[PDB]
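The next block holds one structure in the form of structure tokens; read it before the comments.
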Amino acid sequence: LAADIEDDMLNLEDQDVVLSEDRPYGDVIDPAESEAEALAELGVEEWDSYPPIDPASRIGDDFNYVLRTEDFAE
Amino acid sequence: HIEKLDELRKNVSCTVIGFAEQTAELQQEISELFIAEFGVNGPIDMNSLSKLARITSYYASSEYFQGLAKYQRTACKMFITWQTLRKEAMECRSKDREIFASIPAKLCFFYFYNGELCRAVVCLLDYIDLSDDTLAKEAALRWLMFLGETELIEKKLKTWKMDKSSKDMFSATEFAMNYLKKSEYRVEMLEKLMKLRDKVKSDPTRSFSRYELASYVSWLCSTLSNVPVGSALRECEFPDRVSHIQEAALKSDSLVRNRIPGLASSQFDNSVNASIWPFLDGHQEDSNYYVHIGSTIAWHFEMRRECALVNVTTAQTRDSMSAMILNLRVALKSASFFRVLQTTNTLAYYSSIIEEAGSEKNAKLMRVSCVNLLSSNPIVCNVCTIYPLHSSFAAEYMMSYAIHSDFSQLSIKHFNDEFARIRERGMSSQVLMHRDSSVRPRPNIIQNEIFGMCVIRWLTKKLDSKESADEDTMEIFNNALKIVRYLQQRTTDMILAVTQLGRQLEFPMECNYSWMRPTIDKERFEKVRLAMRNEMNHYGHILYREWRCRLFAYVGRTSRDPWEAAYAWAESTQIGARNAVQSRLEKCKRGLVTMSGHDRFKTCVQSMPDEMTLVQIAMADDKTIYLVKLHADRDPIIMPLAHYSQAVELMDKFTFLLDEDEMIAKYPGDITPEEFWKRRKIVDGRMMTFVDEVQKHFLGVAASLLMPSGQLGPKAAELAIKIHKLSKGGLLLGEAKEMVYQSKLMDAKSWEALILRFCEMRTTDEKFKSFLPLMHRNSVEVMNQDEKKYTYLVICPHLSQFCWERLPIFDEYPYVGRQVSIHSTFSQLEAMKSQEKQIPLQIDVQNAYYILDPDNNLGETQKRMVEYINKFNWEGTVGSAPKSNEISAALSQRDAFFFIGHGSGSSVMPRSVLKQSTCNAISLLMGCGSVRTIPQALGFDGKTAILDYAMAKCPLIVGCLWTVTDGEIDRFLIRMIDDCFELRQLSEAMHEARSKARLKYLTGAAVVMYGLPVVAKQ
């Protein structure tokens, strides 16, 4: 004879195949001040905006992987 | 000479803000993915990596990813044209130098955020030589130490000005720079760092410059323990590398949340922008901010890569695989082509490191994904733009060439030669850092680690295939040794491993014997043994998985004396278990985790109780499983069992047998209830025949030696010397001390074969063979004329899934409970000497805590086991995990523990709760595979939850080794705890339940115990 068929209490972890790691890999509420010495004033000029910045980048093709060859020449 | 610099600062800025807006569009493009793939606040895990293969795919296949290639070559020419005009910019000598300060400071944002580090620090060092910024020479002093530039900091530290905030931080590298230079200063300058490491953590101020040096000092003393320990360095402890590189990637992580909240590794709430482009309500014309957000983002990836690459090589298979993934998502949130790729290959490298972990699927999604990142049209006009220019990237490309080739011989020859190109190609940016043509630059420290990671991976494939024939293999290796040696510290995981992988390459010692059967000059031998004896004596505190498992298993394989072997075999195992204990004690030393040589090792083995032997079996460096049986009265017995290919054919056939268990239990379908039990009964009855075949074919005659060894009687001890003295050096005394002891139990022709098996290694004698059966007849006469011993098994985790306790030897003998590590026993033994507990632990089960079927999904098994608890008076919760604070209160206050729920420690007790509270509670874990170690690669000691309990000093763990029917494992537990009271100890209580078990070996042999045995308190 035999006993009735049975279900198995398997694990959904599968021994660290999943591990929902929590956010505390660091301290919380750690807003900090800069404490910087040199904070001098900048200048004010006309800005090259997002349409004008690609205009200055269009004039510079800047070689074809040979800039490293021009490096040791100096 | 303002006439071209004012043009060029307009040209550099429109390149950088061209780029910083360009990669801002990429890092908002993945922000459209990280809600869709993960969630606005979704969870990440180890199976979130299959998701991250999709984001890297939609990162490269986006329209913007090729667009950054033009910004790369543009700013490269803006670096070349700068160093030509650098002379005139220095000779300005006005306050228009301040509007000239943003010429390298814009580039200092560029090359640091792109990770082009050799080009990054030089324009930063030029920004110091131009502007003399205070908060930037804080940054420029970290990276020169980070690159290992010993000579270059010597000049720049004298010239600069050290103010009140700076002189605490310039003194930090000065203690570290005089550390690696002078051997006599390694004692003095260490305490100057160990004071300063605890000086900064003691300070409660939340200054950004204070946390800038909180991470950096915790990086300096991270690599501090990489030195050869001498007579002056044993008595002084070291700070451990693994512990506070996680704190140096914690304080650098806190630096990012202040500036840019998205690029933090801890931030899982990916709703935040991670957008560099606004630059915090201003700073579009501020020069010293683009260094300050350039370096501190680059320092965060240079630590989180270092926190990942430390844990691939210290066998932390848990703390790597988490910190591998969230390394990569923060790289994807930064969208840098380099920062993604230096994490993308390591996830394909680590999955090539660990094997058989369910990670065959994990590599094949990730090994393709780095190749998917490189080549055009993802699922040579972008990658070949940055390949000649960026030095560290050109190692990453050929690293991904090696991973795609799976580390062939010719691919390393493709990468040994190309390394000489990249160092010569990227020498120009390295020389301009020094401003001297006389000095010679060592390679990039990222590039040396990538070449270190790559050859070490190849040399293990050589020792897995077992050849050393070609001369060019030496010429690759002799090149590969010099490349790693440029820093004797700070990369010694790559130094020490490649020496021993090269030493074992020349000297395999395969030791072909009679009983091995693989299926499917002495002056040269001593010139390395004089080194390894010193390389054991020095470098004891190391615990790096590739060096440790290849050295100490090799010197155990080749030593002549047996006491040098058992110290070598015991220290070689369980590297991942000891390092979390090392990081728990947060300070590493010669003798608190490792044992101080042989003379302290044999002290505790004598102090081990007389009944407790510990038969270790362990894989060697060359994969061949040796048996190491220790006992107090005898010397340790060391004998080769078989090869890897014999144990693969062991574990292939057994798991294919055990899959027949799993496929029936997972998928019964609609089988009639008799044929359910009938079909797998022959498969159980196969295990009746299988462990008979294991006792015959795998262990052979040697299986009789796994019986425990008691103290030999002194009248019978006279014979064991006469067995030694008549052997003419064939056996040693401690080996022959137990051959007269085990002579009563085994057969005559078996005992004649096993002591001849000792003679096969060391000078067998022909005259001894003629007088050989008379020794057995004398041995029976002395053993009968002259309780409850145990034979603890410390199984190598390749073989740990097999039921080693259930053998044809141990049918009549039930006291065969197993263990985890030899050094874990001694800490378990000394804890029972500090507490002065009895060596079987008396337990009052009537108070003992339980956890029974959380989340109410189990069924009648929740109602079945609670009927057995209705008999008793236990305390605990049903249907739920109460709180982790009461789980820590359970394992501290209650004398024993009971878990019947799903798996082991998934929700009810994760790794978070076992680290906070030590356990005296004997834990009974039930489930399918509650102590199954998934057999990872050599040295990692498997993937399981036991090493949590091994670190938490739990005394004994009752577990399960495979997928078991939930009914008969609950009929097992009620039959086992009843036997304890209604002495008859737990290893007897398991064997009595085997008489009551329906299945012999396929169900009853699933339960093994790990620890010191349970006796019932009266």
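Enumerate the amide H contacts of B:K943 below 5 Å, restricted to partners 5 or more residues apart or on another chain; note that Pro and chain-start residues carry no placed amide H.
The list, which skips near neighbours in sequence, is B:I934, B:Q936.
Residue by residue, what Karplus-based ³J(HN,Hα) values in Hz, rounded to whole numbers, does segment B:106-122 have, using 6.51, -1.76 and 1.60 with θ = phi - 60° and x for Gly and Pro?
Coupling constants for segment B:106-122: 5, 6, 5, 6, 6, 7, 6, 5, 7, x, 6, 6, 5, 7, 7, 6, 6 Hz.
For segment B:60-111, what does the alpha-carbon gyration tensor say about shape, rounded, prolate or oblate, given a ≥ b ≥ c as the root eigenvalues, a/c under 1.5 as rounded, and a/b over b/c as prolate?
Because a/c hits 1.5 or more and a/b exceeds b/c, segment B:60-111 counts as prolate.
Out of residues 5 or more away from B:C588 or on other chains, whose amide H comes under 5 Å of its own, with H placed 1.01 Å from N in the peptide plane?
Placed amide hydrogens put B:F238, B:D240 under 5 Å from B:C588.
Taking Cα pairs under 8 Å and at least six residues apart, what relative contact order does segment B:33-175 come out at, in percent?
Working: 68 pairs, mean separation 17.8, N = 143.
Relative contact order for segment B:33-175 comes out at 12 percent.
Show the residues, 5+ positions off or on another chain, whose built amide H is closer than 5 Å to the amide H of B:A952.
none
Averaged across B:40-50, how many Cβ atoms of other chains sit within 10 Å of each residue's Cβ atom?
What the average comes to for B:40-50 is 3.
Measuring from centroid to centroid over Cα atoms, what is the spacing of segment B:307-331 and segment B:862-931 in Å?
One Cα centre to the other: 30 Å.
Please work out the Cα convex hull volume for segment B:641-790 and give it in Å³ per residue.
Normalising the Cα hull of segment B:641-790 by residue number yields 149 Å³.
Could you let me know the centre-to-centre spacing of segment B:730-748 and segment B:513-542, using Cα atoms, in angstrom?
Computed from Cα coordinates, the inter-centre distance equals 27 Å.
So, counting K/R as plus one and D/E as minus one, what does the shell of residues with Cβ under 11 Å around B:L614 add up to?
Working: positive: B:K629, B:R818; negative: none.
Taking every other residue near B:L614 into account, the sum is +2.
From largest to smallest, what semi-axes in whole angstrom does chain B give when each is the square root of 5 times an eigenvalue of its alpha carbon gyration tensor?
Ellipsoid half-lengths, sorted descending, are 55, 33, 26 Å.
Quick one: the Cα spread of segment B:413-572 along its three principal axes, in angstroms, biggest first?
Rounded to whole Å, the extents work out to 62, 36, 28 Å.
Less than 24 Å apart at the alpha-carbon level, and either on another chain or at least 8 residues along: which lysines does that give for B:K678?
B:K653, B:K666, B:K996, B:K1000
What is the dipole size for the protein assembly as shown, taken about its Cα centre, with +1 at each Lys and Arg Cβ and -1 at each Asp and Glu Cβ, in debye to the nearest 20?
Details: 130 positive and 149 negative charges, 611 e Å.
The dipole magnitude comes to about 2940 debye.
Take the Cα radius of gyration of segment B:711-865 and divide it by 2.2 N^0.38 Å, with N its residue count; two decimals is plenty.
Its radius of gyration relative to the 2.2 N^0.38 Å reference: 1.49.
Hey, which of these cross-link pairs are over 20 Å Cα-Cα: B:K10/B:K333; B:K737/B:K789; B:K10/B:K70; B:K70/B:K137; B:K167/B:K195?
B:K10/B:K333; B:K70/B:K137
Give the order of B:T499, B:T317, B:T877 when sorted by the count of other beta carbons within 10 angstrom, beginning with the fewest.
Working: B:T499 21, B:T317 27, B:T877 16.
Lowest to highest Cβ neighbour count: B:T877, B:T499, B:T317.
Compute the convex hull volume of the Cα atoms of segment B:2-386, divide it by the residue count, and report the result per residue in Å³ as a whole number.
Value for segment B:2-386: 146 Å³ per residue.
Sorted by average packing, counted as other Cβ atoms within 10 angstrom per residue and highest first, what order do B:430-439, B:641-650, B:366-375, B:213-222 take? Mind showing how you got there, number by number?
Working: B:430-439: 15.1, B:641-650: 19.0, B:366-375: 20.7, B:213-222: 25.0.
Highest to lowest by the protection proxy: B:213-222, B:366-375, B:641-650, B:430-439.
Averaged over its residues, how many other protein chain Cβ atoms are within 10 Å of peptide A:49-62's Cβ atoms?
Working: counts 1, 3, 0, 1, 9, 4, 1, 9, 9, 1, 3, 10, 4, 12.
Whole-number average of other-chain Cβ neighbours for A:49-62 is 5.
Sum -39500 (n - 2.57) across every DSSP H segment of at least 4 residues in chain B, then divide by the residue count to get the 222 nm mean residue ellipticity, nearest 500.
-17000 deg cm²/dmol
Average the reciprocal distances over every distinct pair of alpha-carbons in chain A, invert the result, and give the Kirkwood radius in Å.
Details: mean 1/r = 0.0450 Å⁻¹.
Kirkwood radius, chain A: 22.2 Å.
Near B:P518, within a Cβ-to-Cβ distance under 12 Å, what is the net charge of the other residues, with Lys and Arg +1 and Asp and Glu -1? Please list the in-between numbers first.
Numbers: positive: B:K466, B:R517, B:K623; negative: B:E510, B:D622, B:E649.
Surrounding charge for B:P518 is 0.
Give the dimensionless ratio obtained when the Cα radius of gyration of segment B:479-582 is divided by 2.2 N^0.38 Å.
Numbers: Rg = 14.9 Å, N = 104, 2.2 N^0.38 = 12.8 Å.
That works out to 1.16 for segment B:479-582.
Out of all DSSP beta bridges with both ends in the protein assembly as shown, state the antiparallel percent to the nearest 5.
45 percent
Show me, for segment B:628-642, the HN-Hα J-couplings you get by feeding each phi into the Karplus relation (A = 6.51, B = -1.76, C = 1.60, θ = phi - 60°), rounded to Hz, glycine and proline as x.
For segment B:628-642, the Karplus curve yields 10, 9, 9, 7, 5, 5, 10, 6, x, 9, 10, 8, x, 7, 7 Hz.
What is the spin-label model distance, in nm, from B:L745 to B:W277 if the labels are put 7 Å beyond Cα along the C-beta direction?
Here the modelled spin labels are 7.4 nm apart.
Stokes-Einstein diffusion coefficient for segment B:797-1016 at 37 °C in a medium of 0.692 mPa s, Rh from the Kirkwood formula over Cα pairs: what value in µm²/s?
Rounded to a whole number, D works out at 188 µm²/s.
Separation of segment B:772-813 and segment B:42-85 by C-alpha centroid, Å?
For segment B:772-813 versus segment B:42-85, the Cα centre distance is 62 Å.
Could you estimate the translational diffusion coefficient of the protein assembly as shown from the Stokes-Einstein equation, with Rh from the Kirkwood formula over C-alpha pairs, at 37 °C and 0.692 mPa s, in whole µm²/s?
Values: Rh = 31.7 Å.
It diffuses with D of about 104 µm²/s by this estimate.
Provide the net charge surrounding B:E21, with neighbours chosen by a C-beta distance below 14 Å and charges set as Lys +1, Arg +1, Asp -1, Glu -1.
-2
Where both residues lie in chain B, what percent of DSSP beta bridges are antiparallel, nearest 5? Don't jump to the answer; show the numbers that get you there.
Details: 17 of 40 bridges.
Antiparallel: roughly 45 percent of the beta bridges in chain B.
Within 10 Å of each Cβ of A:33-46, how many other protein chain Cβ atoms are there on average? Before the final figure, lay out each step's value.
Details: counts 6, 9, 9, 12, 9, 10, 4, 7, 3, 9, 5, 1, 3, 0.
Across the residues of A:33-46, the mean count of other-chain Cβ atoms within 10 Å is 6.
Which ³J(HN,Hα) values in Hz, rounded to whole numbers, follow from the phi angles of segment B:923-931 under the Karplus curve 6.51 cos²θ - 1.76 cosθ + 1.60, where θ = phi - 60° and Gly and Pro get x?
9, 10, 9, 10, x, 9, x, 6, 10
Bear in mind that the values in this text are calculations on the coordinates, not laboratory data. Every residue, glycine among them, receives a Cβ derived from its backbone with ideal geometry; neighbour counts consider all protein chains shown.
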